Structures are given as C-alpha cells and as structure tokens.
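**Student:**
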Amino acid sequence: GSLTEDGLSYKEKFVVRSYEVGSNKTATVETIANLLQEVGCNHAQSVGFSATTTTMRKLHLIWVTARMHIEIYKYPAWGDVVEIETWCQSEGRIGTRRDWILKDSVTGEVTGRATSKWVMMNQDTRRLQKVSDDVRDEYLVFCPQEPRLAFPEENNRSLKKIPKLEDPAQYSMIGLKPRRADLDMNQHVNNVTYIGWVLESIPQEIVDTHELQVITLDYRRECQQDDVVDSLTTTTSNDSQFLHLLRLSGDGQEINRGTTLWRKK
Amino acid sequence: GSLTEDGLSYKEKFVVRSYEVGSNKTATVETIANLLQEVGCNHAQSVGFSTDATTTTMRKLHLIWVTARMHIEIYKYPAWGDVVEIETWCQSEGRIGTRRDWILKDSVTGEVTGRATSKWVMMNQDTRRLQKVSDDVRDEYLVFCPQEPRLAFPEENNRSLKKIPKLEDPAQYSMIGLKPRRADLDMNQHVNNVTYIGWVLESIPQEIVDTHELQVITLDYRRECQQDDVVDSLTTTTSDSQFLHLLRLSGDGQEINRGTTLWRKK
Ligand SMILES: O=C(CCCc1ccccc1)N1CCOCC1
Ligand SMILES: O=C(CCCc1ccccc1)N1CCOCC1
Numbered sequence: 075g076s077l078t079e080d081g082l083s084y085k086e087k088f089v090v091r092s093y094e095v096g097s098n099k100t101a102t103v104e105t106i107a108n109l110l111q112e113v114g115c116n117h118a119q120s121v122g123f124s129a130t131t132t133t134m135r136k137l138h139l140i141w142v143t144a145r146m147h148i149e150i151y152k153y154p155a156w157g158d159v160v161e162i163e164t165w166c167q168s169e170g171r172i173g174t175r176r177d178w179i180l181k182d183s184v185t186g187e188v189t190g191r192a193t194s195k196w197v198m199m200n201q202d203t204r205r206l207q208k209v210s211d212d213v214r215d216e217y218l219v220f221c222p223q224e225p226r227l228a229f230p231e232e233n234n235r236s237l238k239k240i241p242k243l244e245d246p247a248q249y250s251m252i253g254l255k256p257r258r259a260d261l262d263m264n265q266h267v268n269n270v271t272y273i274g275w276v277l278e279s280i281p282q283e284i285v286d287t288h289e290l291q292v293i294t295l296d297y298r299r300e301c302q303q304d305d306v307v308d309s310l311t312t313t314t315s332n333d334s335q336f337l338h339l340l341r342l343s344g345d346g347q348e349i350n351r352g353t354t355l356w357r358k359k
Numbered sequence: 075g076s077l078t079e080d081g082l083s084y085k086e087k088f089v090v091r092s093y094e095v096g097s098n099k100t101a102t103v104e105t106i107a108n109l110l111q112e113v114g115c116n117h118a119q120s121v122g123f124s125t126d129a130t131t132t133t134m135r136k137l138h139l140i141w142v143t144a145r146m147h148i149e150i151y152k153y154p155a156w157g158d159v160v161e162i163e164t165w166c167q168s169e170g171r172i173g174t175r176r177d178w179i180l181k182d183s184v185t186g187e188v189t190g191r192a193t194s195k196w197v198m199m200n201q202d203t204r205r206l207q208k209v210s211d212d213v214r215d216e217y218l219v220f221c222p223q224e225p226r227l228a229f230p231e232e233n234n235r236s237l238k239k240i241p242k243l244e245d246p247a248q249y250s251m252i253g254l255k256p257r258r259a260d261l262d263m264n265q266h267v268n269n270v271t272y273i274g275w276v277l278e279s280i281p282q283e284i285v286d287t288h289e290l291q292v293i294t295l296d297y298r299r300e301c302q303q304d305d306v307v308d309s310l311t312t313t314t315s333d334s335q336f337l338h339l340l341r342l343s344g345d346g347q348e349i350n351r352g353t354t355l356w357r358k359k
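Keeping their order, the protein sequence lines are chains A and B. Mapped onto the entry's author numbering, the consecutive letters of the first sequence carry residue numbers 75 to 124, 129 to 315, 332 to 359. Mapped onto the entry's author numbering, the consecutive letters of the second sequence carry residue numbers 75 to 126, 129 to 315, 333 to 359.
1) In angstroms with no decimal places, state the Cα-to-Cα distance between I179(B) and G75(B).
2) For ligand 2, which residues count as neighbours when the test is a C-beta closer than 7 angstroms to any heavy atom?
3) Return no unless some Cβ of chain B is closer than 7 angstroms to the Cβ of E161(A).
4) Take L355(A) and list the residues in its own chain whose beta-carbon comes closer than 7 angstroms to its own, dropping the five residues that flank it on each side.
5) Name the chain B residues whose beta carbon is nearer than 8 angstroms to that of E112(A)?
6) Applying the 10 Å Cβ sphere with the 16-neighbour rule, what's the burial state of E163(A)?
7) Output needed for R191(A): all residues of its chain with C-beta closer than 6 angstroms, excluding positions within five of it in sequence on either side, in chain order.
8) With a threshold of 6 angstroms (Cβ to nearest heavy atom), would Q111(A) be considered close to ligand 4?
9) Take every Cβ of the region 273 to 291 of chain B, pair it with every Cβ of the region 212 to 222 of chain B, and state whether three or more of those distances are shorter than 8 angstroms.
10) Select from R258(B), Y151(B) and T174(B) the residue whose C-alpha is nearest the C-alpha of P225(B).
11) Should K99(A) be flagged as near chain B, meaning a C-beta pair shorter than 7 angstroms?
12) Have a look at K359(A), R299(A) and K358(A) and flag the residue whose alpha-carbon is nearest the alpha-carbon of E348(A).
13) Do three or more CB pairs link the region 115 to 125 of chain B to the region 265 to 279 of chain B at distances below 8 angstroms?
14) What are the start and end residues of the alpha helix (DSSP H) that includes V213(A)?
15) Return helix, strand or coil for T78(A), following the three-state DSSP convention.
16) Run through the region 176 to 243 of chain B for me and flag every whole alpha helix (DSSP H) of 4 or more residues, listed as ranges in chain order.
17) Hey, would you say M251(A) sits closer than 7 angstroms to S343(A), going by beta carbons?
18) With which residues is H338(B) paired in a DSSP beta bridge?
19) Tell me the rounded alpha-carbon separation between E187(A) and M199(B).
20) How many angstroms separate the CA atom of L261(A) from the CA atom of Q302(A)?
21) Determine, using beta carbons only, whether residue 318(B) and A144(B) come nearer to each other than 7 angstroms.
22) Compute the beta-carbon to beta-carbon distance between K87(B) and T78(B), rounded to the nearest angstrom, for a pair I have assumed lies under 8 angstroms.
23) Should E278(A) be flagged as near chain B, meaning a C-beta pair shorter than 7 angstroms?
24) Closest by CA to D286(A), which one among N233(A), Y249(A) and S97(A)?
25) Nearest chain B C-beta to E104(A) closer than 7 angstroms, yes or no?
26) Which residue marks the beginning of the beta strand (DSSP E) containing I150(B), and which one marks its end?
27) Is the separation between the beta-carbon of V95(B) and that of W156(B) shorter than 7 angstroms?
28) Could you compute how far the alpha carbon of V276(B) sits from the alpha carbon of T100(B)?
29) Listing by chain order, which chain A residues have their CB less than 8 angstroms from the CB of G274(B)?
30) Work out the CA separation of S210(A) and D158(A) for me, nearest whole Å.
31) Is any beta-carbon of chain A found at less than 7 angstroms from that of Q265(B)?
32) Take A118(B) and list the residues in its own chain whose beta-carbon comes closer than 6 angstroms to its own, dropping the five residues that flank it on each side.
33) Find out if the Cβ-Cβ distance for the pair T314(B), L339(B) is shorter than 7 angstroms.
34) Sort out for me which residues DSSP pairs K85(A) with in a bridge.
35) Please report whether the beta-carbon of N332(A) lies at a distance below 7 angstroms from any beta-carbon of chain B.
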C-alpha cells in the first residue's frame, strides 16, 4: 500500500483469502471490518506514527472508536482483489473521523463505504475528553482541509441516533466470551469481535436468505478479557431492519448498541 | 503466489497484518496456521481443483479430504509488517492418505523460521466414514507430487510422528463453555481447523503465555465440533514446558481433539 500523490489519503490492495469468506464464497463483514482496520493502521504508520502524537504521548491520551458504520453493495469474492482508500478528518473539538471507500480492483466501481468516529481518552483513567487545540494542529497537516465525506447525503444512516433495545428481546445469543484470537497487540478486545457478537443473535435463516447491506454500531464500554457478553436482537421493520444490544451477562451493563439492514438475495 | 519451476511445490509471500499479531507484536500460531491453510488452498487451485478440493473420482464417490493431524514447529514468529514466504507441497502416503508439508522463511534473510506437517485422510462427506486411498484415486493426484521423498520433518523418531496419550481427569487447568461463532466457520459451514488450535491454547494459563513462546504444537483430530456444540478445553503440565491437551464436548465428554505443546522461556 501507499499514500496518494497529495499525501492526504492512503490506498491498499487486498486479495480475498479462503478462510475470510462465508457460505456464499464472498468476504464476511468481519473480514471487511478487519481490512478497514489494517489500512487505517498502515495510513498512520506512513504518516509518522510509531498511534500517538507528541502531545498525546505526553498526556497519556489514546484514540478510541465511538461509532462504526459500514455500507456494502457487493462483497468481494474469494480470490478477488479489493482496493481500499482511507483518509482522516478533524471534527474540531469533538474528535476525528476516518472514512473508507471500497472498490473492485478490476472494474473500478465502488463496492462499499465506511465511516468511523474516534474520540480522545486517557489510557489510564479511561476518561473521555475533547480534542485539545495543541493535539489538533499536530494531525491537521495529514488531513484534507476541504470536507471529503464518504457519506455526504442530507439525511444519511451514519449520523442517526440509535435507541436502546427493550426487554424482552426477540432473539438472543448468551454466554459469548472472547478468546486470545479476539485480542489485539495491547491485550484489548479487537473492535471487530463486537461486530461478530452483534450478528450472533441474528437467526441463521435470515443470514441464509439475506445479504447484510448496512451496519451502524455504537461503542459504549470495552469488554474485559474475563467478561461474558449477551447479544440481543429485535426485528424493527423486501428489507429487514434490526435493533441490537450487547450487555455483560451478569449486571446487564451496556457494552454496545446498533442496527443492521438486510436485503433479500 | 505461484508454483515453482518443476510444478511440484507452491510458494507465496505474506505481509503480517496489525490484527494478526499478539502481545509481543509477532504473528500468533493461529495466524501462521491460517497462512498455511491459504497457501494449501492456492496450491490446489493452481493444479486444477475447482473452488466448488476433490479429484474426478472423489466427486462420483462423495469423498473429501479431512485433517487427521497437524504439527507445527516455529523458531521465529514474523513481526508485524514483515514478509514471510511459505513453500508447500504434497505427498502420497500409499493407501494411508496424503501428507502436506510447509517451510516458512524470512523473505529478507532467507532463513527458515518455521515448518509444519499435516496428515489428510479420505472420508465420505455424507456418512463421515473413514476410507483408505483407492488406487484409482491416487494416480489422479500423484502427478502433482514429487516422486522422491521430500520431508519437512525428516529425522527418524521426531515429534511429528509421536503417539499422543489421553488426558486423565482431573486436569490441571481448564477453559469450559467454548462455543464457535460464524467467524469460526468456513465456506462450507464447518468449524475451521484453526479454531481447535485456539481452543486448545485457551486452557494454558496467561502467565505461561506471557513468559514463554510456543515452539512446537501437535494436534490430532478425532471428531468435528458442530455449529451448535459446546467444547471444554483441558491442560496438564507433563514436564522447557511441555503440556498435554484434550478438547471434549461439554455434555457427554465426547473427545473431539488431543495434542501437545512445547514452550521455551523468553
Ligand atoms: O485513525 C486513527 C486515528 C487518527 C490517526 C491519523 C492517521 C493519519 C492521519 C491523521 C490521523 N488511528 C489509526 C489506527 O487506529 C488508531 C488510530
Ligand atoms: O492438500 C490438500 C489435499 C490434496 C490436494 C492437492 C493439491 C496439490 C497437489 C496435490 C494434492 N488439501 C488442502 C486444500 O484443501 C483441501 C485439502
């Protein structure tokens, strides 16, 4: 992979692997999520991150995901090449946004798009805080100055508020616990695992007859290595809409909330 | 990736991804296992197997390849961002079955950083029964294997061919209630063979993982874990640190896997 001519975005090509595809022989939404994750880490390395700025390291601040939104039109098939272009943008004092554009390396057509909202958090106390002006100037030089949105639209799904699932849920998957493969290099649960846990409560018949088109996911708290999760789902709706909730199996502490949209094959 | 000059082995280069590494920033044994799995599929496609891996007789007989044993020995785990080259090849073991070997190398230095060997057997995809490789079903794949023996683990009396005992109750360490999610399944809805590796390692205490690097792992496959099954992972220290492992269904205690791991201090 490499940064583009202006140095304000990053591109990378990926050949789809055998173990990365589902029953329909096309990459899963978790493979896509993992691919988005890798091109973002590679874009941070290429711009000089050893990911913390000089002021973030001095103040023990880190980037944390607050929301992830993914919309897929076509899932790349096993053996195909998918090109991903990623870029970042300052959202003033709120935080940062990272966008992605998925393209077929052969046709050049857009096959998916994703957007994420990252916020500042003290690595030690776990407390969120606004982006300080000193930190902003250190990363602004790596972002396009003019707005460049993957989801530009007037009333797009990526900026819609998500409600809290009410008990009783229609469908549920209980006792979900992470294993060492679900952890990252700093021993925290990888953000993609929560996507897989949300989808576990979707009945298999829906997965067999529908393709996942849109997924919005809000991150409220992290799941510790020794935590047990409950995944809940209720149909809210040709298209099938769902409302999801991830909560700790014991106290019912909310970990995640989101929505999925599915279309018939 | 591509087949070598003779067409009797296959090579592929892999750049190590951020999410593929563990706490020490080097690829995990499951990332390596997944990499071995992909280069074997790519070697089968390049030699003429359709993406619908069976020969012309296996189709009209409903026979499929199943893993009976996996053995992996790693000297150095590739770091995040590094390039690892894998050379893979197959060999007929007469009517017992087939063997697939792998050699891992540093794309920069060229030195061997790991090696693995697997034993595959014939199985009716409907009745799950075990069969010997028939003569007609051998001549069809023998043309893709080197005729002379080429072993990744040649040494007489080596770890890859040692019999594994059954763990006796009570186990020293245990991880219970392990169930697969959709990410653990393959394209044909079966549990991917790498998931069982991760489940075996779940019973290893975290302090051992933090102070040691996994050097050798031998794993025998006895039964598949269905999508709706619950697994128990058991471990007992037998000793470098050596362990004996056992995977069994949470309910009836039906054995699904057994194996060993060998670990070195960092
Ligand atoms: O996307 C982010 C946050 C912003 C980092 C950034 C990179 C390049 C230009 C401008 C800003 N991260 C990369 C990997 O995930 C953790 C941090
Ligand atoms: O290796 C095998 C079975 C033998 C297939 C083979 C490929 C190339 C040369 C000779 C034989 N498998 C790996 C791919 O998935 C199915 C099992």
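We put the beta carbon where it would ideally sit given N, CA and C, even for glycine.
**Tutor:** Let me spell this out:
1) Along the second sequence, read from residue 1 onward, the residue named residue 179(B) stands at position 103. Along the second sequence, read from residue 1 onward, the residue named residue 75(B) stands at position 1. Their Cα atoms are separated by approximately 15 angstroms.
2) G114(B), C115(B), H117(B), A118(B), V121(B), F123(B), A129(B), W141(B), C166(B), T174(B), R176(B), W196(B), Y217(B), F220(B) and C221(B)
3) Indexing the first sequence from 1 puts residue 161(A) at position 83. No - not a single Cβ of chain B is within 7 angstroms of the one on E161(A).
4) As a position in the first sequence, residue 355(A) is number 261, starting the count at 1. Hits under 7 angstroms: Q291, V292, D333 and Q335.
5) Position 38 of the first sequence, counted from the first residue, corresponds to residue 112(A). Going along chain B in sequence order, the residues near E112(A) (Cβ under 8 angstroms) are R91, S92 and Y93.
6) For this step, residue 163(A) is matched to residue 85 along the first sequence. Flag for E163(A) reads buried.
7) In the first sequence, residue 191(A) corresponds to position 113, counting from 1. So the qualifying residues of the chain are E149, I179 and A228.
8) Summarising the ligand content, the structure contains ligand 1 and ligand 2 and does not contain ligand 4.
9) no
10) One-based indexing of the second sequence puts residue 225(B) at position 149. Ranking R258(B), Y151(B) and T174(B) by Cα distance to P225(B) puts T174(B) first.
11) Your numbering for residue 99(A) matches position 25 in the first sequence. Closer than 7 angstroms to some Cβ of chain B, the Cβ of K99(A) qualifies, so yes.
12) Residue 348(A) sits at position 254 when you count from the first residue of the first sequence. That would be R299(A), whose Cα lies nearest to the Cα of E348(A).
13) no
14) Position 135 of the first sequence holds residue 213(A). Unbroken alpha helix (DSSP H) run through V213(A): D211 to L218.
15) Against the first sequence, residue 78(A) aligns to sequence position 4. Looking at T78(A) - three-state DSSP - the assignment turns out to be coil, as it is neither helix nor strand.
16) 212 to 218
17) Position 173 of the first sequence, counted from the start, is the residue given in the question as residue 251(A). Position 249 of the first sequence, counted from the start, is the residue given in the question as residue 343(A). Cβ distance not < 7 angstroms, so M251(A) and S343(A) don't count as in contact.
18) Taking the first residue of the second sequence as position 1, residue 338(B) is located at position 245. In DSSP, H338(B) forms a bridge with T311(B) and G352(B).
19) For the purposes of this step, residue 187(A) is identified with residue 109 of the first sequence, where counting begins at 1. For the purposes of this step, residue 199(B) is identified with residue 123 of the second sequence, where counting begins at 1. Near 42 angstroms, if we compare the C-alpha coordinates of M199(B) and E187(A).
20) Working through the first sequence from its first residue, we reach residue 261(A) at position 183. Working through the first sequence from its first residue, we reach residue 302(A) at position 224. Taking the straight line joining both Cα atoms gives about 10 angstroms.
21) A gap in chain B, from 315 straight to 333, means residue 318(B) has no coordinates in the model shown.
22) Within the second sequence, residue 87(B) is the residue found at index 13, counting from 1. Within the second sequence, residue 78(B) is the residue found at index 4, counting from 1. Not confirmed; about 14 angstroms, so no contact.
23) Here residue 278(A) refers to the residue found at position 200 when the first sequence is read from its first residue. Output row for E278(A): interface = yes.
24) By 1-based counting over the first sequence, the position of residue 286(A) is 208. Checked all of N233(A), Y249(A) and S97(A); the closest Cα to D286(A) is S97(A).
25) As a position in the first sequence, residue 104(A) is number 30, starting the count at 1. Taking Cβ atoms only, chain B reaches closer than 7 angstroms to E104(A), which makes this a yes.
26) Here residue 150(B) corresponds to residue number 74 of the second sequence, with the count starting at 1. Counting along the chain, the beta strand (DSSP E) containing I150(B) begins and ends at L139 to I150.
27) Numbered from its first residue, the second sequence carries residue 95(B) at position 21. Numbered from its first residue, the second sequence carries residue 156(B) at position 80. Yes, Cβ-Cβ distance for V95(B) and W156(B) is below 7 angstroms.
28) Counted from its first residue, the second sequence places residue 276(B) at position 200. Counted from its first residue, the second sequence places residue 100(B) at position 26. Approximately 20 angstroms between the Cα atoms of the pair.
29) On the second sequence, residue 274(B) is found 198 positions in, with the first residue counted as 1. Under the 8 angstroms cutoff, chain A gives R257, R258 and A259.
30) Position 80 of the first sequence, counting from 1, holds the residue named residue 158(A). Position 132 of the first sequence, counting from 1, holds the residue named residue 210(A). Their backbone Cα atoms lie some 42 angstroms apart in a straight line.
31) Position 189 of the second sequence, counting from 1, holds the residue named residue 265(B). At least one chain A Cβ lies under 7 angstroms of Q265(B).
32) On the second sequence, residue 118(B) is found 44 positions in, with the first residue counted as 1. For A118(B), where only same-chain residues beyond five positions count, the Cβ hits under 6 angstroms are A129.
33) As a working mapping, residue 314(B) is identified with position 238 in the second sequence. As a working mapping, residue 339(B) is identified with position 246 in the second sequence. Their beta carbons are not under 7 angstroms apart, which means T314(B) does not touch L339(B) by this criterion.
34) Your numbering for residue 85(A) matches position 11 in the first sequence. Answer by DSSP bridge pairing, in chain order: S76(A) and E163(A).
35) Residue 332(A) sits at position 238 when you count from the first residue of the first sequence. Not closer than 7 angstroms to any Cβ of chain B, the Cβ of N332(A) fails to qualify, so no.
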